[PDB]
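Single chain ahead, by itself, as structure tokens, in the form deposited in one PDB entry.
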């Protein structure tokens, strides 16, 4: 008997003591000490203080510099919006609920936070995928007579919205469900409960295949062929020191991006491999949600990697932060 079941929630704590309470009604201080909820609050505060400026500044600097408004950069703006969904839909709400020690907005707010937090994270996920596909098309030139235009970049953005809705919306209609997860202060997809009435098992498989395996294969294929194409072309121009420098930094950046993607991706795979095997034992509120606890940080380091390290964005932000000088 691992936890306590109830309508619209699963508390990862046995009720044999009788101390369990609804995560919508009363604080869950048997799951964790109050200071650990405070540390959860401090972590959300860290993510808000670092996440909102970086992502809002990305939207703001784009308004001040014409050179940034390239179609290849539209997907990076879509990434910055998605992170803001995570920052205001998820991190802000969770900071507030954390300090109460339970999800005070009830099951209705659970679907709101769940949707928008899941939507924001999903849009970011597919934006990284779409950027990889866009860069692969532009460099490797797989189509004979193709030019990447404004119309094409818009489809890529809309495509993320469709994919993110494909994951964040079914839990509201009847396929899986949103419940308080971990310490019960935030809400998300329910892969902790084999809820037959919403076919949780089929949604977890669909999530694992479409939104967890496909994004990885695409990112690895696109960036692989790109580094292959770039290293192939540079080999024909070894007389050019700059071409070799460009090839080196492109390879280094692709590695950083792919490593970063794996840092958010592998925890969910290690924890799941601890569900395919080692399935019997109960999982504390921390363990099932260790991957989530660190995947939230993507709202900070993804704009650092994909935007802050972009050569044009960087100088423009310095100019904007410095009131036009330097």
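Numbering follows the first chain given and starts at 1.
The same protein also exists as the form deposited with a partner chain bound; that form is not shown, yet it is the one meant from here on.
The partner chain in the bound PDB entry comes within 4.5 Å of no heavy atom belonging to residue 157. The shortest heavy atom separation between residue 135 and the partner chain in the bound PDB entry is within 4.5 Å. In the bound PDB entry, at least one heavy atom of residue 312 sits within 4.5 Å of a heavy atom of the partner chain. Put simply, residue 81 is far from the partner chain in the bound PDB entry: not one heavy atom of it is within 4.5 Å.
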